[PDB]
Trainee: 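Have a look at this one.
Note on naming: letters A, B, ... go to the chains in the order of the sequence lines (proteins, then strands), and numbering restarts at 1 for each one. Scope of the values below: all heavy atoms of this structure, side chains included, with no hydrogens, waters or symmetry mates.
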Amino acid sequence: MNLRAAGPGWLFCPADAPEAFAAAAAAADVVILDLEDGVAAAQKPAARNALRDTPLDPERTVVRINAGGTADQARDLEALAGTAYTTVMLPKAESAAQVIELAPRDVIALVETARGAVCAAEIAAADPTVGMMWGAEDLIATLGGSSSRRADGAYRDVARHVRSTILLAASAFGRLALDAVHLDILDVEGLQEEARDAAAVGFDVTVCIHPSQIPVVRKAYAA
Amino acid sequence: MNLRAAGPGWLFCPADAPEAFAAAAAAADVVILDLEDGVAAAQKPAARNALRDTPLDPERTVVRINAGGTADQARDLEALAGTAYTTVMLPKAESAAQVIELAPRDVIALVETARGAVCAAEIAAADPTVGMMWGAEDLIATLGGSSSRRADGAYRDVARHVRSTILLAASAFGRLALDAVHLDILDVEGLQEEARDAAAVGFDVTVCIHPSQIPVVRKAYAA
Amino acid sequence: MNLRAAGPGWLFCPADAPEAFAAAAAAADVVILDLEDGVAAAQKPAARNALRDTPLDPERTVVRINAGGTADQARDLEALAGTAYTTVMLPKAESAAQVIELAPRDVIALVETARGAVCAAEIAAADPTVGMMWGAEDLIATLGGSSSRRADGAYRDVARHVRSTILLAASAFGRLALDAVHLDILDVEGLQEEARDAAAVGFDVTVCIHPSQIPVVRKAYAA
């Protein structure tokens with residue numbers, strides 16, 4: 001894809017909700033159709049049919065698949081064979097090997113565990129990689145913690161550490177850098193603060209979970 | 001050991017003070033009997049006899065030995081042969097090789113130098129490792145600095161950087177993560193702040209230097 | 001050189017301004033004569049003649065050359081052959097290989113790109129390296145960003161992350177650690193804050209762009 005030519009506003013859309021695909025695509029620069037956490041276990045088969053029967057522009061759509069080694073991932077790759085999509089987002093990306101095994105597709109590696117952070121440069125360097133993203137929620141969960149943000153709302157240090165790690169790793173290997181979702185959708189002040197910072201430090205994209213976030217991201221990345 | 005089954009409150013006890021061993025063990029989840037800085041050069045021989053003649057429960061006790069390559073470390077390992085202890089804490093841990101050479105014992109690697117930080121993942125991955133700890137005092141000392149904390153009491157950036165480095169490295173390799181000692185014992189406010197943060201980001205343990213710290217650690221790690 | 005014996009106040013002096021070399025050397029502990037950004041494309045040939053015809057004490061002077069693989073770097077190394085200088089500062093240092101290729105000279109590697117940060121330990125370990133420096137301006141520029149500092153004047157997280165990375169990498173390999181320039185020359189409050197922090201965490205040097213900065217650096221590093 002020409003991912004860098006598309007704007008900074010990427011938007012997750014659960015793949016079991018095809019009646020929303022068209023609105024997502026007109027609201028966003030790029031849509032991430034999601035087969036992992038946006039979709040309940042029981043509705044994943046249905047998401048996979050929707051992925052095949054309701055297409056979006058493949059130059060502006062990526063698919064978030066399930067994690068390395070899972071049965072769900074194998075079922076997802078089977079469903080993708082029926083589409084025109086070329087670019088997948090790998091959750092819980094923990095090794096170069098997990099990226100390589102997705103060739104010949106392009107991969108955005110979403111690093112949200114300790115192992116992924118420690119191996120960030122190896123992941124970024126892997127031949128299929130075209131982008132690196134980070135997520136604070138599952139990072140804190142898999143570390144054994146309870147809260148990604150302190151009381152005043154700033155990320156805790158380890159999240160801030162991983163953020164920089166992934167920005168550097170992506171940029172060292174010429175990859176797109178994607179900043180993490182702002183989970184408090186109505187907190188537009190917080191999102192503006194993060195997206196302006198993201199833009200200023202050289203993130204390419206801030207990923208969004210609701211269409212209302214897109215304008216604020218696009219404005220933050222203006223100059 | 002089943003270190004994860006024991007609580008979050010670990011407590012250093014100088015090994016030259018056997019009259020205190022029993023009180024330490026009833027106050028703490030785990031006791032670290034110390035052969036390094038808690039004991040003066042001249043009293044180390046005596047600590048080593050105390051280590052042999054006054055035993056603690058080996059399921060709930062670890063021994064802090066001296067650093068790699070030192071004569072003191074060799075004398076410590078000789079004294080440990082006479083005990084039931086299985087798990088040692090290696091100060092100034094700087095390489096996988098320093099951990100490997102302690103096999104077949106289990107090792108908590110205490111990283112408190114630049115080299116240890118740079119090599120954190122290699123240290124964490126080493127087969128004997130069961131835990132990773134960090135210490136800010138000797139990190140700053142060996143870097144050539146003078147102060148681990150700024151005027152408002154927060155750690156300086158490099159300490160905060162090492163903290164996250166060791167949390168990630170431990171968690172990437174399935175190891176226990178131990179947060180650094182709060183040296184200002186009477187500053188219970190500061191300890192509560194650090195331990196609640198430690199718990200929230202997935203530290204398993206906060207290490208203590210005085211029995212009064214244990215309750216505050218155990219409460220911070222509650223939920 | 002005996003770089004550690006010289007003071008903490010290093011000062012850049014554009015190499016096209018030889019009428020200023022003597023004043024720079026009396027104002028500073030060490031002078032960095034600059035062939036890269038302090039000198040415009042058209043004046044570089046002239047800088048190189050000045051470097052040869054107006055000598056400074058080689059025990060107290062280093063030369064900032066141009067980047068790896070550039071024609072300018074090759075012209076710089078040709079000009080240096082005519083001098084008594086032994087120690088060069090490599091901008092945009094990105095690999096051990098870029099340092100090795102400068103042997104047998106001593107090298108201060110100035111890390112100011114993502115690749116340099118990711119490869120910091122490899123760079124520090126390289127045999128010619130005697131020092132590591134970082135720069136926030138070109139780090140942010142090459143990452144694709146616009147601002148190294150937030151509104152309240154603190155560095156953005158990625159700069160703070162690289163700072164610590166380079167301090168650790170230098171110290172892990174016994175190298176001098178050089179803290180980044182304070183670009184707002186008249187902001188002596190900001191420089192004092194950074195230099196006192198630098199000194200406290202074990203930086204050896206804070207690099208300066210104007211002679212007025214030297215006293216404030218030397219006082220910050222006192223004890």
Trainee: Could you pull out the closest heavy-atom pair between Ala28(A) and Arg218(A), with the gap in Å?
Mentor: C-NH2, 3.5 Å

Trainee: Grab the two heavy atoms, one from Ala6(A) and one from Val30(A), that are nearest each other, plus how far apart they are.
Mentor: CB-CG2, 3.8 Å

Trainee: Quick one: CD1 on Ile209(C) to CG on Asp184(C), what's the gap to the nearest 0.5 Å?
Mentor: 9.0 Å

Trainee: Please rank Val118(C), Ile140(C), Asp157(C) by heavy-atom pairs under 4.5 Å with chain A and give me the top one.
Mentor: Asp157(C)

Trainee: Does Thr113(C) form a side chain to side chain donor-acceptor pair (under 3.5 Å) with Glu94(C)? I'd like the steps, not just the answer.
Mentor: CA-CA 7 Å; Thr113(C) 65; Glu94(C) 292 193 307; 2.6 Å; yes

Trainee: If you count heavy-atom pairs under 4.5 Å with chain A, which of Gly144(C), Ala159(C), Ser146(C) comes out on top?
Mentor: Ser146(C)

Trainee: Select one option (side chain, backbone, both, neither) describing which atoms of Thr142(C) are under 4.5 Å from chain A's heavy atoms.
Mentor: backbone

Trainee: Looking at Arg150(C), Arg160(C), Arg156(C), which one has more heavy-atom pairs under 4.5 Å with chain A than the rest?
Mentor: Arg156(C)

